[PDB]
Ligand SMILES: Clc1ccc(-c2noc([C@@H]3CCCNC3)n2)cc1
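The chain below stands alone and is given in structure tokens; this is the form deposited without this ligand.
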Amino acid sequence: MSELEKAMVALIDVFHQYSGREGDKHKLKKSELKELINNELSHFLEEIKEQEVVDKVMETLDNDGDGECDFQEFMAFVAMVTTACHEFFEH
């Protein structure tokens, strides 16, 4: 396993670490996504403390109107953030 391969299995992992807490085990509800951002992206994103902040993110990630974030939506989220971090590395 390459580092790349390992990083991918890591993403599957943390998504599930959180998506299995409540409700549908394969989707993130607002509470789970909040908990994820706050515990696993603490260094990359401002902490979410306000409900209105939660809504905007989920509203950003949720494309199929169900109000949850599935894995495909989460990958879109991971790319947003990683694309952010990467810009911090063009010189």
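When you see a residue number, it is the position in the sequence shown, counting from 1.
Only in words, not in the display: the form solved in complex with this ligand, which the text now covers.
Here the marked residues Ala10, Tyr18 and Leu36 all miss this ligand in the deposited complex; none has a heavy atom within 4.5 angstroms. Using a 4.5 Å cutoff between non-hydrogen atoms, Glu52 does not count as a contact of this ligand in the deposited complex.
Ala76 belongs to the set of residues with a heavy atom inside 4.5 Å of this ligand in the deposited complex. Looking at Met80, you'd find a heavy atom of it within 4.5 angstroms of this ligand in the deposited complex.
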